[PDB]
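Form deposited without the named molecule, single chain, as structure tokens, below.
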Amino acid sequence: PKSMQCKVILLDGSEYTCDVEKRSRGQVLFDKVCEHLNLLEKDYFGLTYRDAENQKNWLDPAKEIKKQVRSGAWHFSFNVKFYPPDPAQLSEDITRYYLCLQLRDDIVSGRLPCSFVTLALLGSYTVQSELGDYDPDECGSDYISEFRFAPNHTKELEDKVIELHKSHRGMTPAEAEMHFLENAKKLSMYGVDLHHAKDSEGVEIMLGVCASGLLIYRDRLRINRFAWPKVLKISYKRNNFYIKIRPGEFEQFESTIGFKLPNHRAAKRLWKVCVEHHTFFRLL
């Protein structure tokens, strides 16, 4: 029975290697990674891979791995797929831990923009969780942490992390991680998956997919929001993506809204992540 080697980049940046039978469905690999991670609250997570165009795709757990990675390497990343709106409602601390590690990468990468003060506060909770109480013996006036806190590090940010870290004496790791999450969950781009698109007039916009619905970023003024309940049908055709926007009270007709995506694969990808979010956050 022939088996393919899988390499998975974990959220701590380490590599997990395993073998699965070559006709295996994605769920097989995902189950092995989650067992390795001692993760029980698996519903919020998934594996990603890079397609022949180098775009991040979710590995569909119900489909054969080989029919998704196709010509590409069996290389994956473990990631948060559905960002819980209230991480305090998760049942296990280890779930909140992996969500923290993902968010730390969202921040360093710049996918999750963050004010100076929030970068420092999040950083201070990470340091408290990972090193425990502030120790002056490690931190002089010239201290720079090994922890990546931000897309661009400054001495001022390092100083503010230490100042806040001092305030957290006695805080346990689960407690610090919960504080991290109570702050992160409030950020306007928390758990927003962004897709480049054009509106029906060719004006470049961003579509964001998240727990609350679909977001349209036209300019810094005028951000449109479609709560999942207000969406009845998600569809794609060629390079186009469409949502059916339920009739408003006393309106005769549903309204259909149309976008142009970079190519057909990008329209299908956006359709699938929208359907999956609609399903997940209808049931939550």
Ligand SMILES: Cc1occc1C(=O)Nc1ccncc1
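Position 1 is the first residue in the sequence shown; the rest follow in order.
From this point on, the text means the form deposited with the named molecule bound, which you will not see here.
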Legend entry - Accessibility of shown form to the named molecule in the bound PDB entry, site-C-alpha superposition, 2.4 Å backbone/C-beta rule: blocked
Legend entry - Contact of residue 72 with the named molecule in the bound PDB entry (heavy atom, 4.5 Å): no
Inset, instruction - Answer yes if any heavy atom of residue 43 is within 4.5 Å of a heavy atom of the named molecule in the bound PDB entry; otherwise answer no. - result: yes
Inset, instruction - Find out whether any non-hydrogen atom of residue 282 is located within 4.5 angstroms of the named molecule in the bound PDB entry, and reply yes or no. - result: yes
Legend entry - Residue contact check: residue 132 to the named molecule in the bound PDB entry, 4.5 Å heavy atom: no
Inset, instruction - Can you tell me which bits of 85-104 touch the named molecule in the bound PDB entry, meaning any heavy atom within 4.5 Å? - result: 85
